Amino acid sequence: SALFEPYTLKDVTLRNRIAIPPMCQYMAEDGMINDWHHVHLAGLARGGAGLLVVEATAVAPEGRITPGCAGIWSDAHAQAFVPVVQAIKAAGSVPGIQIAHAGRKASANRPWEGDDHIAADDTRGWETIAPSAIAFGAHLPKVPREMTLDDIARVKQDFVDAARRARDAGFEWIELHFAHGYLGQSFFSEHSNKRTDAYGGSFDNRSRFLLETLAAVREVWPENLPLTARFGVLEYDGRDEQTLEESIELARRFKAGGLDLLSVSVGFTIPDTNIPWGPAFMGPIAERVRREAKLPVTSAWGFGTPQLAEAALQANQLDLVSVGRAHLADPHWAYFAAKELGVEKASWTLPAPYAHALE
């Protein structure tokens, strides 16, 4: 079975092609993770997946999506991750972390608490920042503050500081969050970036924030650990061919700049779009990025059906398959998949206290 072949990138070897993508839990306090996270991530690692990527973790307080997002903007935040990282490794999974800045989508409620921008006079909120003073709209109406050149320097450094802490906390895999309408995605897109300086206008200028952040992170992140990013390569906004072309060009530059793998997504930069949701609908897009940028990719959305994950791999649309929600429903999804695909001794996808009992 292809889903259960190992995968080697730099010095890191995943035991199978199952990746658990970053999924926010909204359970942190002041950026600090706790026993929710520890048990959640520990449980997931024991489930069998080859790689577990920790949720979007803010490089700065204002870059949190919500008041419950994790953070890594201080050495104390980083140190909180240490036991969890060690528990993930103990379970045989590779610990990864996505580091992030939510840009104009920041200062919002938890999804079960309105999922919308925090009210003006709610003491939990904060001013958001972005390339340009334009609001997302819809449920996120707040107009962000336009970043100064010093803001841009500071955020870039926040990312470096974040990667450095991530490295020292023991993570073996890092993912830069340049997707889903957040800060990085918003610099690339013309919908959200109307800057007239070095960081807006042309393709080279809109790319600049993302490329510089990568290069600066590369300086602290170990050469021998996969350096990756997530990136919305299209919007389904009626400009897909041209957006894809530019996104693929940028992916080529990422690769040239040391990016080992690209997590391929949709931009979600603006609300007025028409996304053709469906099981593995991202496969064909992911496959085009892989071919044309000649770069390993993962993607997600509906791969919780084990045969679908298997086909994506055999067709070389993906190098790893990211399975999100199915892992929230069943932390042992990898075991479910092994059984479904007929893996020999499938119960030994799990640790011995479970495996012996289930064979």
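Don't overthink the numbering: it's just position in the shown sequence, from 1.
Novice: On mean C-alpha B-factor from the PDB entry, just flag whether 262-270 or 167-175 is the higher one.
Specialist: So the stretch with the higher mean C-alpha B-factor is 262-270.
Novice: Comparing 41-49 with 291-299, where is the mean C-alpha B-factor higher?
Specialist: The entry gives the higher C-alpha B-factor average to 291-299.
Novice: Looking at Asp158, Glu241, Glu212, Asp151, which one carries the largest C-alpha B-factor according to the PDB entry?
Specialist: Of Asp158, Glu241, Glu212, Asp151, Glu241 has the highest C-alpha B-factor.
Novice: Reading the B-factor column of the entry, which of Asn34, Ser322, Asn316, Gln307 has the highest value at its C-alpha atom?
Specialist: Highest C-alpha B-factor among the listed residues goes to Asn316.
Novice: When the deposited Cα B-factors of this chain's modelled residues are ordered and cut into thirds, is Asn224 in the lowest, the middle or the highest one?
Specialist: CA B-factor rank for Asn224: highest third.
Novice: Looking at the C-alpha B-factor of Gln79, is it in the lowest, middle or highest third of its chain?
Specialist: It belongs to the highest third of the chain when residues are ordered by C-alpha B-factor.
Novice: Taking the chain's C-alpha temperature factors as the reference, tell me which third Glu55 falls into: lowest, middle or highest.
Specialist: Its C-alpha B-factor, which the entry lists for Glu55, ranks in the middle third among residues of this chain.
Novice: Thinking about Cα B factors across the chain, which third does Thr196 belong to?
Specialist: Highest third, going by the recorded CA B-factors of the chain.
Novice: Going by the CA temperature factor in the PDB record, which third of the chain does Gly137 belong to: lowest, middle or highest?
Specialist: For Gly137, the deposited C-alpha B-factor lands in the highest third.
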